[PDB]
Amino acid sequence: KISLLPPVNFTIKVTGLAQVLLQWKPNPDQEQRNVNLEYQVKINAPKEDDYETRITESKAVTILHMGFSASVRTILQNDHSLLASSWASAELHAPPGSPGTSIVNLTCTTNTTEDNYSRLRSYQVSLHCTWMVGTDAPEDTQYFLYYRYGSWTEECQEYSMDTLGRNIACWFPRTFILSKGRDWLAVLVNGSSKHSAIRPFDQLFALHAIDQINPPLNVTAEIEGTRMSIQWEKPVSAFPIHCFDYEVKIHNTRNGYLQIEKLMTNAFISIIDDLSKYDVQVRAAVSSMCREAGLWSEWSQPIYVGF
C-alpha cells in the first residue's frame, strides 16, 4: 500500500514563439523510490490535452496570446493496480493589452522557387502575411512580425504599410522553412504605441494548409488526326515526380464540350473531333499519399489546338 503525492515546483516557461517548457520535481516526501513513478500532464487551455510522460519535463507547442494553463499529477501502474495523486497546477496569464488593440485576420502563405545558382538543385521558400489593424488600435501604433520554424526565429525585414504608417503586411523572399517540411510554422505579431499596451497575437500554421503549389509548366498539346496528346511538366517543388495529382481540362470552344481527367501521370491521350479549336489547362496538387491534403495550384495558361 503506497501513498502518492503530487509533484512540486511545477513551472511553465516561454522558450520561443508559441513554445513552452513544463517542469516539475518529484515530491521530496514520497515513499522512497524503489518503484518507477511517471506523470500525467493535462493541458487545460487554450487547447485541451493529456498524455503521460516518463521524465519530469515536457515541451508543448501552443498559441500564447490567450494565456496557457496546465496541470500535472503523479502515477504508478503495475500488476493489479493504478494509483494517481492530486494535481499540481500552473498557468501563464494572457499578455497585457486592450481587446481591439490586437491585430486581426492574419493570413499566411508559402511558395517555393528554384535557386538558379549553387551547382546542385535545392529550393527556396518565401512567406507572405497580411492582417488588419483591429478597431481600438491607437493611431501611432506599430506592428511587428516574427516567425519560427523548428529552431530558427526571424523578425520581418520588409513590410507593407497602410496609408497612415501602420504595418499591414510582411514579405520574406527567403526563409529557413523546409519545403518538404512536416512541422508547424509559428507566427507572432507584436505592437507598441505612445498611448497604451498592445495585445500580441500569434498562430500556428500547417505547411500543407498554406503552401501555394506552383502550376505545371510547359503544357503541350499535339493533335494528330483524331487523337490529342497532352503533356506537361512537374511543377517547381521539392516533392518528386511521383507525388503529384493533376487535373487536366480539355474544353471545346466550338460547342462547350468539357472534359476533365484526374490522374497521377504526366501525360494524357483523349479522343477528339477534327472541326474545333480546343483550349487545354492543367492544375496540380501534392498527393495525399506523400503529405496531407493541401491546396490546388492555379491552372496553367490556356494553350490552343485545332482550327
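Residue numbers here begin at 1 and follow the sequence given.
Q: Please work out which of 109 to 117 and 87 to 95 has the higher mean CA B-factor as recorded in the PDB entry.
A: The deposited B-factors put 109 to 117 ahead on the C-alpha mean.
Q: With respect to the recorded C-alpha B factors, which stretch has the higher mean value, 251 to 259 or 51 to 59?
A: Averaged over C-alpha atoms, the B-factors run higher in 251 to 259.
Q: Select one of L76, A186, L145, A137: the residue whose C-alpha shows the highest B-factor in the crystal structure entry.
A: Of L76, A186, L145, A137, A137 has the highest C-alpha B-factor.
Q: From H65, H242, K277, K42, can you pick the one with the highest C-alpha B factor in the entry?
A: That would be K277, according to the entry.
Q: Would the CA B-factor of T163 place it in the lowest, middle or highest third of its chain?
A: Its C-alpha B-factor belongs to the highest third of this chain's values.
Q: Using the B-factor values recorded in the entry, state whether the Cα atom of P46 falls in the lowest, middle or highest third among the modelled residues of its chain.
A: Lowest third.
Q: Taking the values exactly as deposited, rank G225 by C-alpha B-factor within its chain and report the matching third: lowest, middle or highest.
A: Top third by C-alpha B-factor.
Q: Looking at the temperature factor on the CA atom of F172, which third of the chain's modelled residues does it land in?
A: Middle third.
Q: Based on the deposited C-alpha B factors for this chain, I'd like to know if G100 is in the lowest, middle or highest third.
A: Highest third.
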